[PDB]
Structure formats: C-alpha cells, structure tokens
Amino acid sequence: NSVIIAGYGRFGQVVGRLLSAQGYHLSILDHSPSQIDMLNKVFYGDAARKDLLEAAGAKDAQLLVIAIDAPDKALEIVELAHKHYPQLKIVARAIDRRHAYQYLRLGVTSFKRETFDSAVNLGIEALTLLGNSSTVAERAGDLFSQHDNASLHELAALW
Amino acid sequence: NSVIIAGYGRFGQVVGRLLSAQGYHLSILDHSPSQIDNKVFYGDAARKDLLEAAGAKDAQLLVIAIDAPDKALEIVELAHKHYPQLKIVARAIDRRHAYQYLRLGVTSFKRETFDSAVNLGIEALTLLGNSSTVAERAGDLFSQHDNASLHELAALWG
Ligand SMILES: Nc1ncnc2c1ncn2[C@@H]1O[C@H](COP(=O)(O)O)[C@@H](O)[C@H]1O
Ligand SMILES: Nc1ncnc2c1ncn2[C@@H]1O[C@H](COP(=O)(O)O)[C@@H](O)[C@H]1O
C-alpha cells in the first residue's frame, strides 16, 4: 500500500527502509535533487505545498510521515493534511519537547522526539557499562521513557 | 566522580536525568549559557584542563553528547591519549560519523535520530493495522541488521 514520506534525510530514509521491508510502496518528497532508486516515486520540492502532496498521491495515500527538520513547516503540513486529506493518518518527527506540545495541541499524538530514544538507549548502554545487568539497565530505561512521555501528554491534556 | 557528561543539550539532559535517577553523580560540561540544573563547568569540552576539572582523572565513564562531530572525535583521542581508564559512550550524528568512531575503536555509540526513526516507523506499522508484536519485531530485525551491517562496512571508509 501507499505511504508519503515528506523529508528524506537521515530520519526519512530509516523509516523509508523500515516500511519497504514490509513492502509498502513509497512516495518521497525532499528539498534538493540527489540521485534516486527506481523500484518508489520521488518529487523534489517544498513538502508543505499542496500541489506537491497531491502529486505524491496525497488524495489516495493511507499514511503521511513527516520526517523533515523544519518544525514550523512540519505543523503547516499537519494542518493541510487535516484541512484537505482528513482520511490521511499522520506520524511525525518532533524536534524537542516544545515542538511535541504543538503537535499535541493539533491533536497529533503519533510522534517521536528525534534524539530521545537514542539518548535513552545510550544511557542504557551507559548503565550496563557501570555493571548493571541489561535487565535492570533496560527496566530503568522503560520506566524513564513511559513516565516522560506520559507526563508530557498529561500536561498537554490541560491546554 | 561518577560520570562526565560532555554537552548538555537535548541529548545530554536525557542521559543526565536517566543516570541521576539511579543516583550517579555527574559532572556536566557545556559551551553555552545554561539555566540552573550537579557539578557544572562552562567551556569547550575538548579542552584537557576542563575535563581534568570535571575529574576526568578519576571518573569512570565519559558520555559524549555534543552536536559537533569533529570536536567529538577530538575528545575521544584525548580520552585515549590521557585517560585510558575512562570508558566512553558517544552520540554519533549519522552513518559517516559512526564510521569514524569505529575507526578509533569506539563501538559504544548511538546515531542520534536512528532509534526514534525506527520507532516512528513502528507506530506507522501499527497505524496501518499490524499488531504491535509484528510491528515491533519488524523494528528489531531492521535495527539488528542495520547496526550489524554498519560494523561490517566501517572497514571501507574514505
Ligand atoms: N519543507 C520541506 N520540504 C521537503 N523537504 C524538507 C523540507 N524541510 C526540510 N526538508 C528536508 O528534510 C530532511 C531532514 O534531514 P535529516 O535531519 O537529515 O532527516 C533534509 O533532507 C531536508 O533537506
Ligand atoms: N565543544 C563543545 N563543548 C561543550 N559543549 C558543546 C560543544 N559543542 C556543542 N556543545 C553543546 O552541545 C549541545 C547540543 O544540543 P543538543 O543537540 O540538544 O544535544 C548544546 O547544549 C551545546 O551547548
């Protein structure tokens, strides 16, 4: 089936790869030409242009991934998606806590802060390196995550 | 003692917090104007005098959590050259930077956007109606291989 990846930097390529593994066709949008694979559909331009999303089959796609590094444009897309393609589901890259609150305020709950999960994991590797069993090191990580994300939403919930 | 966190932006604070949860004392180094937080020194983390002040002599672990990839490697070398008893975890910006850590024998690193991207794509898969078990198994296999094959090809770096 059909997925639109807006932004194809370090973030969007990982997601792109992950999903093609299960055999989802992709339509990629990115600033600036590189070189590119057949076997996908690629348009160069501002992802926050409606004409361009429509060309990536935004009309009939199932999911839109927002994987660009510019946080204002990212929100600008979320709105166009709502305004014009309400049948489109949206996952989104959030830069930091503040950006994540803004997604929440527009009712986007499926996002991920870009450096958070790697930082948590670096800190799990840290804890093991100080001689904590991987089970306790990883349990520490989970409880830390769960709460941080929980409490991030809780406060968002009181707009 | 305990742990030296070099760089205290978004990356270093998460790690800082995680570890202080278990009660590890921290010495933080950062370039730039902070708001109040353990033991904090403002300056270039890639200065030896400054690491020494963060107790680099007697610390156990050094976390490299800064956004500048050249400085990051510059520290790794000083750590090797002068504090070989110091273990090192490190933030890598991208695949190319990860290859460079590897070339200096640093294997304990993490690409900054990688694990979040993988997870965004797991959330993607669930949203298209794949059970969280298969969605998450897809993620693992994807990771395991990517990191595996990264270590493989580090050897042909230019
Ligand atoms: N408005 C936009 N439309 C399309 N691509 C963008 C836009 N803003 C940023 N990008 C790209 O998004 C990617 C994010 O890069 P990275 O941090 O490497 O994932 C980069 O390739 C940028 O050039
Ligand atoms: N050479 C350096 N010495 C100390 N801190 C640094 C250096 N280079 C970057 N930083 C810090 O790295 C952090 C990057 O923020 P973030 O990308 O949120 O982790 C910032 O807090 C910077 O002040």
# chains A, B, ... in the order shown; residues from 1 in each chain; ligands from 1
>>> closest_atom_pairs(of="chain A", to="chain B", cutoff="10 Å", atoms="only C-alpha atoms", output="JSON lines")
{"residue": "A:1", "atom": "CA", "partner": "B:128", "partner_atom": "CA", "distance": 9.4}
{"residue": "A:3", "atom": "CA", "partner": "B:124", "partner_atom": "CA", "distance": 9.6}
{"residue": "A:10", "atom": "CA", "partner": "B:94", "partner_atom": "CA", "distance": 7.1}
{"residue": "A:11", "atom": "CA", "partner": "B:117", "partner_atom": "CA", "distance": 5.6}
{"residue": "A:12", "atom": "CA", "partner": "B:117", "partner_atom": "CA", "distance": 7.5}
{"residue": "A:13", "atom": "CA", "partner": "B:117", "partner_atom": "CA", "distance": 8.8}
{"residue": "A:14", "atom": "CA", "partner": "B:117", "partner_atom": "CA", "distance": 6.2}
{"residue": "A:15", "atom": "CA", "partner": "B:121", "partner_atom": "CA", "distance": 5.3}
{"residue": "A:16", "atom": "CA", "partner": "B:121", "partner_atom": "CA", "distance": 8.3}
{"residue": "A:17", "atom": "CA", "partner": "B:142", "partner_atom": "CA", "distance": 8.5}
{"residue": "A:18", "atom": "CA", "partner": "B:142", "partner_atom": "CA", "distance": 6.4}
{"residue": "A:19", "atom": "CA", "partner": "B:121", "partner_atom": "CA", "distance": 7.0}
{"residue": "A:21", "atom": "CA", "partner": "B:142", "partner_atom": "CA", "distance": 8.2}
{"residue": "A:22", "atom": "CA", "partner": "B:138", "partner_atom": "CA", "distance": 8.2}
{"residue": "A:24", "atom": "CA", "partner": "B:125", "partner_atom": "CA", "distance": 9.9}
{"residue": "A:62", "atom": "CA", "partner": "B:128", "partner_atom": "CA", "distance": 8.0}
{"residue": "A:63", "atom": "CA", "partner": "B:124", "partner_atom": "CA", "distance": 7.7}
{"residue": "A:64", "atom": "CA", "partner": "B:124", "partner_atom": "CA", "distance": 9.0}
{"residue": "A:65", "atom": "CA", "partner": "B:124", "partner_atom": "CA", "distance": 8.0}
{"residue": "A:66", "atom": "CA", "partner": "B:120", "partner_atom": "CA", "distance": 9.8}
{"residue": "A:67", "atom": "CA", "partner": "B:117", "partner_atom": "CA", "distance": 8.6}
{"residue": "A:89", "atom": "CA", "partner": "B:127", "partner_atom": "CA", "distance": 7.6}
{"residue": "A:90", "atom": "CA", "partner": "B:124", "partner_atom": "CA", "distance": 8.2}
{"residue": "A:91", "atom": "CA", "partner": "B:124", "partner_atom": "CA", "distance": 6.4}
{"residue": "A:92", "atom": "CA", "partner": "B:120", "partner_atom": "CA", "distance": 7.4}
{"residue": "A:93", "atom": "CA", "partner": "B:120", "partner_atom": "CA", "distance": 7.6}
{"residue": "A:94", "atom": "CA", "partner": "B:116", "partner_atom": "CA", "distance": 9.8}
{"residue": "A:95", "atom": "CA", "partner": "B:10", "partner_atom": "CA", "distance": 9.5}
{"residue": "A:96", "atom": "CA", "partner": "B:10", "partner_atom": "CA", "distance": 7.4}
{"residue": "A:97", "atom": "CA", "partner": "B:10", "partner_atom": "CA", "distance": 9.1}
{"residue": "A:110", "atom": "CA", "partner": "B:123", "partner_atom": "CA", "distance": 6.9}
{"residue": "A:111", "atom": "CA", "partner": "B:120", "partner_atom": "CA", "distance": 6.7}
{"residue": "A:112", "atom": "CA", "partner": "B:120", "partner_atom": "CA", "distance": 6.0}
{"residue": "A:113", "atom": "CA", "partner": "B:116", "partner_atom": "CA", "distance": 6.7}
{"residue": "A:114", "atom": "CA", "partner": "B:113", "partner_atom": "CA", "distance": 5.2}
{"residue": "A:115", "atom": "CA", "partner": "B:112", "partner_atom": "CA", "distance": 5.2}
{"residue": "A:116", "atom": "CA", "partner": "B:116", "partner_atom": "CA", "distance": 6.8}
{"residue": "A:117", "atom": "CA", "partner": "B:116", "partner_atom": "CA", "distance": 5.2}
{"residue": "A:118", "atom": "CA", "partner": "B:115", "partner_atom": "CA", "distance": 5.2}
{"residue": "A:119", "atom": "CA", "partner": "B:11", "partner_atom": "CA", "distance": 5.7}
{"residue": "A:120", "atom": "CA", "partner": "B:15", "partner_atom": "CA", "distance": 6.3}
{"residue": "A:121", "atom": "CA", "partner": "B:110", "partner_atom": "CA", "distance": 7.7}
{"residue": "A:122", "atom": "CA", "partner": "B:110", "partner_atom": "CA", "distance": 6.2}
{"residue": "A:123", "atom": "CA", "partner": "B:15", "partner_atom": "CA", "distance": 5.2}
{"residue": "A:124", "atom": "CA", "partner": "B:18", "partner_atom": "CA", "distance": 8.5}
{"residue": "A:125", "atom": "CA", "partner": "B:108", "partner_atom": "CA", "distance": 7.4}
{"residue": "A:126", "atom": "CA", "partner": "B:89", "partner_atom": "CA", "distance": 6.6}
{"residue": "A:127", "atom": "CA", "partner": "B:19", "partner_atom": "CA", "distance": 7.4}
{"residue": "A:129", "atom": "CA", "partner": "B:87", "partner_atom": "CA", "distance": 7.8}
{"residue": "A:130", "atom": "CA", "partner": "B:61", "partner_atom": "CA", "distance": 7.8}
{"residue": "A:137", "atom": "CA", "partner": "B:22", "partner_atom": "CA", "distance": 9.8}
{"residue": "A:140", "atom": "CA", "partner": "B:18", "partner_atom": "CA", "distance": 7.7}
{"residue": "A:141", "atom": "CA", "partner": "B:18", "partner_atom": "CA", "distance": 7.3}
{"residue": "A:143", "atom": "CA", "partner": "B:18", "partner_atom": "CA", "distance": 9.8}
{"residue": "A:144", "atom": "CA", "partner": "B:18", "partner_atom": "CA", "distance": 6.7}
{"residue": "A:145", "atom": "CA", "partner": "B:18", "partner_atom": "CA", "distance": 9.2}
{"residue": "A:148", "atom": "CA", "partner": "B:14", "partner_atom": "CA", "distance": 9.8}
>>> residues_around(residues="region 37-46 of chain A", least_positions_apart="6", cutoff="12 Å", atoms="only C-alpha atoms", output="count of residues only")
33
>>> atom_distance(atom1="CA of residue 78 (chain A)", atom2="atom 9 (C, counted along the ligand's line) of ligand 1")
14.4 Å
>>> residues_near_ligand(ligand="ligand 2", cutoff="7 Å", atoms="only C-alpha atoms and all ligand atoms", output="ChimeraX atom specification")
/B:6-12,29-32,43-46,65-68,71
>>> atom_distance(atom1="CA of residue 157 (chain B)", atom2="CA of residue 103 (chain B)")
8.5 Å
>>> select_by_dssp(residues="region 29-97 of chain A", states="alpha helix (DSSP H)", output="JSON, numbers by chain")
{"A": [50, 51, 52, 53, 54, 55, 71, 72, 73, 74, 75, 76, 77, 78, 79, 80, 81, 82, 83, 84, 97]}
>>> write_last_selection(atoms="C-alpha atoms", output="CSV table (one decimal), in the first residue's frame")
chain,number,residue,atom,x,y,z
A,50,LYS,CA,-0.4,21.2,-1.5
A,51,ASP,CA,0.1,20.8,-5.3
A,52,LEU,CA,3.2,18.6,-4.4
A,53,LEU,CA,1.4,16.4,-1.8
A,54,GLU,CA,-1.4,15.8,-4.4
A,55,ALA,CA,1.3,14.7,-6.8
A,71,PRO,CA,9.4,22.4,12.8
A,72,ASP,CA,7.1,25.3,11.6
A,73,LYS,CA,6.7,23.7,8.1
A,74,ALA,CA,6.0,20.4,9.9
A,75,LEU,CA,3.0,21.9,11.6
A,76,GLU,CA,2.0,23.8,8.4
A,77,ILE,CA,1.7,20.3,6.7
A,78,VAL,CA,-0.3,18.8,9.6
A,79,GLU,CA,-2.9,21.5,9.1
A,80,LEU,CA,-3.1,21.0,5.3
A,81,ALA,CA,-3.4,17.3,5.9
A,82,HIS,CA,-6.3,18.0,8.3
A,83,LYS,CA,-7.9,20.7,6.1
A,84,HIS,CA,-7.7,18.7,2.9
A,97,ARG,CA,9.5,18.8,24.0
>>> atom_distance(atom1="atom 10 (N, counted along the ligand's line) of ligand 1", atom2="CA of residue 47 (chain A)")
7.6 Å
>>> select_by_dssp(residues="region 35-74 of chain B", states="strand (DSSP E or B)", output="PDB file with N, CA and C atoms, in the first residue's frame")
ATOM      1  N   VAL B  40      29.139  21.665  37.417  1.00  0.00           N
ATOM      2  CA  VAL B  40      28.954  22.241  36.081  1.00  0.00           C
ATOM      3  C   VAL B  40      30.084  23.186  35.704  1.00  0.00           C
ATOM      4  N   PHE B  41      30.675  22.937  34.537  1.00  0.00           N
ATOM      5  CA  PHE B  41      31.782  23.739  34.054  1.00  0.00           C
ATOM      6  C   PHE B  41      31.470  24.206  32.649  1.00  0.00           C
ATOM      7  N   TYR B  42      31.608  25.508  32.425  1.00  0.00           N
ATOM      8  CA  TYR B  42      31.283  26.086  31.141  1.00  0.00           C
ATOM      9  C   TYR B  42      32.552  26.238  30.355  1.00  0.00           C
ATOM     10  N   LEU B  61      33.167   6.842  33.639  1.00  0.00           N
ATOM     11  CA  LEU B  61      32.579   6.901  32.290  1.00  0.00           C
ATOM     12  C   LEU B  61      32.499   8.341  31.780  1.00  0.00           C
ATOM     13  N   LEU B  62      32.800   8.524  30.493  1.00  0.00           N
ATOM     14  CA  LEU B  62      32.605   9.786  29.783  1.00  0.00           C
ATOM     15  C   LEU B  62      31.525   9.605  28.738  1.00  0.00           C
ATOM     16  N   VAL B  63      30.462  10.395  28.851  1.00  0.00           N
ATOM     17  CA  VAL B  63      29.430  10.492  27.820  1.00  0.00           C
ATOM     18  C   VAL B  63      29.738  11.676  26.901  1.00  0.00           C
ATOM     19  N   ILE B  64      29.806  11.410  25.600  1.00  0.00           N
ATOM     20  CA  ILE B  64      29.961  12.458  24.583  1.00  0.00           C
ATOM     21  C   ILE B  64      28.574  12.721  23.951  1.00  0.00           C
TER      22      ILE B  64
END
>>> closest_residue(among="B:1, B:48, B:84, B:158", to="residue 97 (chain B)", atoms="only C-alpha atoms")
B:158
>>> residues_around(residues="residue 47 (chain B)", least_positions_apart="6", cutoff="10 Å", atoms="only C-alpha atoms", output="PyMOL selection string")
chain B and resi 71+74-75+78
>>> write_last_selection(atoms="N, CA, C and O atoms", output="PDB file, in the first residue's frame")
ATOM      1  N   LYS B  71      34.834  17.952  17.063  1.00  0.00           N
ATOM      2  CA  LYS B  71      35.165  18.028  18.489  1.00  0.00           C
ATOM      3  C   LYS B  71      34.942  16.718  19.187  1.00  0.00           C
ATOM      4  O   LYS B  71      35.699  16.350  20.068  1.00  0.00           O
ATOM      5  N   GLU B  74      37.897  14.609  18.494  1.00  0.00           N
ATOM      6  CA  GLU B  74      38.954  15.289  19.233  1.00  0.00           C
ATOM      7  C   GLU B  74      38.974  14.943  20.744  1.00  0.00           C
ATOM      8  O   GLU B  74      40.044  14.809  21.334  1.00  0.00           O
ATOM      9  N   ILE B  75      37.804  14.790  21.356  1.00  0.00           N
ATOM     10  CA  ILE B  75      37.719  14.350  22.749  1.00  0.00           C
ATOM     11  C   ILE B  75      38.083  12.887  22.894  1.00  0.00           C
ATOM     12  O   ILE B  75      38.824  12.517  23.800  1.00  0.00           O
ATOM     13  N   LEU B  78      41.735  12.531  23.109  1.00  0.00           N
ATOM     14  CA  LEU B  78      42.305  12.982  24.388  1.00  0.00           C
ATOM     15  C   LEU B  78      42.018  11.969  25.469  1.00  0.00           C
ATOM     16  O   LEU B  78      42.869  11.700  26.302  1.00  0.00           O
TER      17      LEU B  78
END
>>> residues_around(residues="residue 154 (chain B)", least_positions_apart="5", cutoff="12 Å", atoms="only C-alpha atoms", output="PyMOL selection string")
chain B and resi 95-107+147-149
